[PDB]
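Trainee: Residue numbers (the authors' numbering): 216 to 430. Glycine is no exception: its CB is placed at the ideal position from the N, C-alpha and C atoms.
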Amino acid sequence: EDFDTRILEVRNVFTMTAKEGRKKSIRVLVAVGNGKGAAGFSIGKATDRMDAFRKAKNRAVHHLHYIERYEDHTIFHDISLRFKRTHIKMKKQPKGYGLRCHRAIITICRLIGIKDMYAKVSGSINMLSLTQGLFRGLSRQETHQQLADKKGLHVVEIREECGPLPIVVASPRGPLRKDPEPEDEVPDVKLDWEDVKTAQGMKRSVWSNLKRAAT
RNA sequence: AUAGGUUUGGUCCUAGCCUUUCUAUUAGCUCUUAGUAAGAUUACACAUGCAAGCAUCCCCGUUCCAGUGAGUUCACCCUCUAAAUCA
Ligand SMILES: [K+]
Ligand SMILES: [K+]
Ligand SMILES: [K+]
Ligand SMILES: [K+]
Ligand SMILES: [Mg+2]
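1) Looking only at its chain, what residues have a beta carbon closer than 6 Å to the beta carbon of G259, apart from the 5 residues adjacent to it on each side?
2) Between the C-alpha atoms of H278 and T220, what's the straight-line distance to the nearest angstrom?
3) For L362, does the three-state DSSP call read helix, strand or coil?
4) Examine the Cβ distances between the region 372-387 and the region 400-413 and report whether three or more of them are shorter than 8 Å.
5) With DSSP collapsed to three states, give me the class of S344.
6) If I'm right that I320 touches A334 with Cβ under 8 Å, what's the distance once you round it to whole angstroms?
7) Assuming the contact rule is C-beta atoms closer than 8 Å, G311 and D331 should be a hit. Round their C-beta distance to whole Å, please.
8) Counting along the chain, where does the alpha helix (DSSP H) carrying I327 start and finish?
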């Protein structure tokens, strides 16, 4: 009773049979989630649409991921991934930002319990790949605690709204290293041109930052 | 772009086209009030009226303002140095 189901896609797939010719089947993608991190998805197939809905709904609950939510409202860090030909680039956002993402990601996020996030889907906009990719990235996100333990260092959060106050969000449960992490003068990191282009005010889009209903 | 529709018996990939947003002109139909802003398609031809005077005569001004977008890297910086203002 805690879990809620929401349809993502309904497709009329067809095969050819010797006796009848075109045989119509229903392929249904559904996502189930209780809103507290536990969410899954499944594909249900049946000649009747009701049977397809049921099969997908009941099978999705046996394939539940657990999503680590930072402060139970957003992701811990920005996740960029490619699943097959679909690119999903998700950004961590502050409280009150909303779900500025593809309608399907909005639906899945509400089931997971993420309230604030931005995501841009590029490449193929296949619904199967998007869902499978979204759950792949969110499942693999590293929490602040896991980072502190791996690095043996404090994770200190700097917030602009709190000035210079150092907020320690995670500390290493084991021994704390005494050597500071080597500060590379120039980071050899791969930058997304779309990010850099926006930061330099070089991106004019009439469709970006349009006023939309509360999500 | 938070995207959407569309190739096929069907699936996936790629791809073009189109949809949704925001402005400006024109057309159809329709139209109550007030304030404000803006306002020939045409460097085609133009009836008529007006748009430059001032002032003890000399001078000064009419080389400005206003208009248009035909032509088109004459517009910017540096160097140098006329005219002009500082009786
Ligand atoms: K397309
Ligand atoms: K009209
Ligand atoms: K005079
Ligand atoms: K011109
Ligand atoms: Mg001189």
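Mentor: For this structure:
1) Taking C-beta separations shorter than 6 Å and ignoring five residues to either side along the sequence, the partners of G259 in its chain run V243, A267, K270 and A271, following chain order.
2) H278 and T220: Cα-Cα distance of roughly 13 Å.
3) DSSP places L362 in helix when its eight states are reduced to three.
4) Contact between the region 372-387 and the region 400-413 is absent: fewer than three C-beta pairs spanning the two stretches fall below 8 Å.
5) The DSSP-derived three-state label of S344 is helix.
6) Their Cβ separation, rounded to whole angstroms, is 5 Å, which keeps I320 and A334 in contact under 8 Å.
7) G311 to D331, Cβ: 7 Å. Contact.
8) Its alpha helix (DSSP H) spans residues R318 to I327.
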